[PDB]
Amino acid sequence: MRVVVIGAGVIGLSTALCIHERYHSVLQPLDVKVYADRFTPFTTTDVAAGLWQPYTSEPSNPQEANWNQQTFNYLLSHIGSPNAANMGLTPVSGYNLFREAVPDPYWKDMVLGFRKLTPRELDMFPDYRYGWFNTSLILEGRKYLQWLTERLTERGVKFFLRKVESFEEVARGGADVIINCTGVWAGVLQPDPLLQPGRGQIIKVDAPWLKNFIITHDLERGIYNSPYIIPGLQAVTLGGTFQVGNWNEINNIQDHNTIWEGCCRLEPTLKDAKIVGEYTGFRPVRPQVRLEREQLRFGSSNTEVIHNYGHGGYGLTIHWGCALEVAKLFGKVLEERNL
């Protein structure tokens, strides 16, 4: 059947692969195509700090906790292959610092080695007073997007640079099923007032001596509104901004300065780091991932649409669980159509 995925960010590509991986065998004819108006390096995914770490607060949908877990185990299963770095993966250990005691995250047990910092540890970070340590994984968005792209391409999936104006337009094109993985732009194909851009700028820097991630938190100020430093495969990502409702896509000088000075304070050796670039992107903020099936009549054609968007500051961290869930709904769509 004709299936069309709209989106080429981590959600779209992982989902496409996930399904094709499960159904090519079963459905003889299984035509996947991917439409997107932006491919890496232009997706929001390419801008991601690259770390696997859910929010500190519990999720609204409890399945989100599963999805996160399934994603981590799936990623860990690759640690050990010769390809892990080629897919954009590597373990990284690091700190979560806070200004005051805070309850353990629901994810303490998903990551490896979770534990509270000791005082000699905290002495390395004077403004903070409570914190955790745990090892997790890095999944660079750009590298991972390219990897999924080659995998998809070899499985025969086709890509097309296109801006979709409506699902109708796609249904008319003969799509039996359509997977919406439009990220913050999903509202355009169909309004969702719950969805909003969580803008964030980052500064990429060359500072190889930094081997661990460090993430600061300011409870008053909101998540990701505080300095964080996260080593990646080739460079370090400096960061710190999450602004809901802001659509400005231009890097701004003010954000740059606050991110730089904050990090520079937290890790003074940054003094010698070479800045390699700055970027801004929109977390697709929503109270809960919208992941559900919906049918659409276009005259005489029910065309299923399965949504998968609204991942906020955690799309990398949970993409696999969602891709699986979508495969499952797609499974139902198949049994209704009688395979």
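All residue numbers refer to positions in the sequence shown, first residue = 1.
When the C-alpha B-factors of 299-307 and 266-274 are averaged, 299-307 comes out higher. Taking the PDB entry as given, 325-333 carries the higher mean Cα B factor of the two stretches 6-14 and 325-333.
Among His256, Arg199, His78, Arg221, the highest C-alpha B-factor in the deposited entry belongs to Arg221. Set against one another, the Cα B-factors of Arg293, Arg38, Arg283, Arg290 in the record reach their highest point at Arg293. Among all modelled residues in its chain, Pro208 ranks in the lowest third by Cα B-factor. Among all modelled residues in this chain, the alpha-carbon of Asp127 has a temperature factor (C-alpha) in the highest third. When the modelled residues of the chain are ordered by their C-alpha B factor, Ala235 lands in the middle third. In the PDB entry, a CA B factor belonging to the highest third of its chain's modelled residues is recorded for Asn66.
In the PDB entry, a CA B factor belonging to the middle third of its chain's modelled residues is recorded for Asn73.
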